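[1] sequence, then structure. It's an experimental one.
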Amino acid sequence: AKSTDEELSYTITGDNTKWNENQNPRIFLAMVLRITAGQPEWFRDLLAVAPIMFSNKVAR
Amino acid sequence: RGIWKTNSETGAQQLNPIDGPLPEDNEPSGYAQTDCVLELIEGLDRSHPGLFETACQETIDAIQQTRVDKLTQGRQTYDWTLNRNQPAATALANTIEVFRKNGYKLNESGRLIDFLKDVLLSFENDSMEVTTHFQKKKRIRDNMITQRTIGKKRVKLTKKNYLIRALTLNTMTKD
Amino acid sequence: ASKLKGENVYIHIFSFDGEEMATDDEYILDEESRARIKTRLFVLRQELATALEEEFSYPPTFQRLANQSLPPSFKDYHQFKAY
Amino acid sequence: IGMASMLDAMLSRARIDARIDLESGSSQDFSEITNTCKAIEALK
Amino acid sequence: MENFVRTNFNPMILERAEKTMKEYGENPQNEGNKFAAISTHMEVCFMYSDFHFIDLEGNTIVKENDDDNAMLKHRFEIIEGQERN
RNA sequence: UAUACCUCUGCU
RNA sequence: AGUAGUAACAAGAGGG
């Protein structure tokens, strides 16, 4: 509906390879912070924990 | 290509690729860029006026109102106490009992955030006291045969250990 | 009263001094007890004479861990937060 | 939702249930229940 | 004052006040006024209800011993002091 | 060391 | 032997 009659449309069937291996807890920290921007700092800190704990995660 | 650093509290060879060099091949790479993320996250805020506001607001009321009970629900969790996976209800009950046996009992209030507080404080106590169970064998007489029976053994863990156990994430093969 | 109006709850108002005021001045409690209370409350006033928020913060161990986690070219969790 | 000894909660109700089951509902049974309630409560 | 209340009031009222007050977040060390207020409010609730019984005929009576025992019933029920639930 | 038995377990 | 398939089963633990 948003396009014009003289335009093309392609769809890509998509899979992201190595999804989890390449997603970083530090970025999750950046996200959670930026999302919470302007909120109470106790709430800002409380959510920021998990990204940090993940950034320093060790695996059995 | 990332930056290696030894952790102060752990000594773990921690790799950091964020804000690292940009890749130059189609191979898989984890060198994201903080400013580029924030740009997208900002744009997402831009495109949805006051979404983050209500989103956070709902989470605030949630946090404030959330009892500890809510954590007995859900999938199994790795129980640092037993070094095995356990149902949430037990894995929690064990952690609370240990917290209680040591110097932690804010959760006694009955609200998730108070329990959630204790966890950050527990990183301070360097000598964490936990009870172990082990198999001893007694001797019984019949109107004489050996007998098996379980005994308990208190052990204390170092900062190094407890901090690791807390940051420990179990692994399995998916079937 | 101007708050408990509607519901017919029995209101009894005492004081440290000695005076008293119940609902409609129909005192259901016997006189000796009501006197004894006014004595105790007096003795309390004599003895007394002759005598919100919500918070959460990183402790040191975790604070250092927070400082450790964040991206390169940053030193402090507070600094990165500010950024 | 409650922050209180599990036993205390049971006792407190055990009283009023036993009382109102008589008051507006035998006193020897009531006394027997209250005696038991106290008798237990004595034990630490 | 914390010591003033702890000196002038009994363990039951102290413990009950210590319980009931622990809900908002405040404590007797910082917010003494409401601790003493609730303590006195409790003490009056006790003094008002104690020793008062009802007879089998339906008459109101007061007594010394205060142990009920079959033939008598408590006249007043003490709501305040118990747990909210 | 070997041979017989006996008990517990069948996702832990 | 056979099952099986990136590691296992082909009994395990105990009366040691």
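    On my side now, so go ahead. Numbers count the residues shown, from 1 in each chain, chains lettered A, B, ... in the order given.

[2] contact partners for residue 36?
    You didn't pick a chain, so chain A it is. A:43, A:44, A:47, A:48, B:52, B:56 (C-beta atoms under 8 Å, 6 or more residues apart in numbering or on different chains). C-beta coordinates here come from the backbone N, C-alpha and C atoms, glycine included.

[3] please go with chain C instead
    Listed by C-beta under 8 Å, 6+ apart, the contact set of residue C:36 reads residue E:47.

[4] and the gap between residue C:34 and chain A?
    For residue C:34, the distance to chain A (C-beta to the nearest C-beta, to the nearest Å) stands at 49 Å.

[5] distance of the nearest residue to that residue once chain neighbours are set aside relative to residue E:49?
    Excluding its sequence neighbours, the residue lying closest to residue C:34 (C-beta to C-beta, 6 or more residues apart in numbering or on different chains) is residue C:27, at 6.4 Å. Distance of residue C:27 to residue E:49, given as C-beta to C-beta, to the nearest Å: 15 Å.

[6] where's the spatially most central residue of chain C, which helix or strand?
    Centroid-nearest residue in chain C, with C-alpha atoms, centre = their mean: residue C:52, separated by 10.9 Å. Using DSSP states H and E, residue C:52 falls within no helix or strand.

[7] so it versus residue A:36, what's the distance?
    Relative to residue A:36, and taking C-beta to C-beta, residue C:52 is found at 22 Å.

[8] likewise residue B:12?
    Separation of residue B:12 from residue A:36 (C-beta to C-beta): 28 Å.

[9] and for residue B:146, the neighbour number?
    When counting by other C-beta atoms under 10 Å in any protein chain shown, one arrives at 8 neighbours for residue B:146.

[10] part of a strand, is it?
    Yes. Looking at residue B:146 with DSSP: H, G, I helix; E, B strand; the rest coil, it is inside a strand.

[11] who in chain B is up against RNA strand G?
    Contacts of chain B with RNA strand G, taken as C-beta under 7 Å from any atom of the strand, map to B:137, B:145, B:146, B:148.

[12] which of the residues you listed sits closest to chain E?
    Set against chain E, the nearest of those by C-beta to the nearest C-beta is residue B:148 (45.3 Å).

[13] for that closest one, name its beta-bridge partners.
    In this entry, residue B:148 is beta-bridged to residue B:137, by DSSP bridges.

[14] residue boundaries of the strands in chain B?
    Secondary structure of chain B (DSSP state E): strands at B:3-6, B:13-16, B:77-79, B:84-86, B:128-140, B:145-157, B:168-169.

[15] show me what the shortest one packs onto, helices and strands only.
    The one in question is strand B:168-169. In terms of contacts (3 or more C-beta pairs under 8 Å, 6 or more residues apart in numbering or on different chains; DSSP states H and E), strand B:168-169 is packed against strand A:58-59.

[16] between residue C:27 and residue E:49, which is the more surrounded one?
    Each of residue C:27 and residue E:49 has its neighbours counted (other C-beta under 10 Å); residue E:49 has more, 18 against 13.

[17] how many neighbours does the nearest residue to the more buried one once chain neighbours are set aside have?
    Spatially, and ignoring its direct neighbours in sequence, residue E:49 is nearest to residue E:76 (3.9 Å; C-beta to C-beta, 6+ apart). Neighbour count of residue E:76, defined by other C-beta under 10 Å: 14.

[18] doesn't residue E:52 make contact with residue E:76?
    Yes. Using C-beta atoms under 8 Å, residue E:76 makes contact with residue E:52 at a distance of 5.9 Å.
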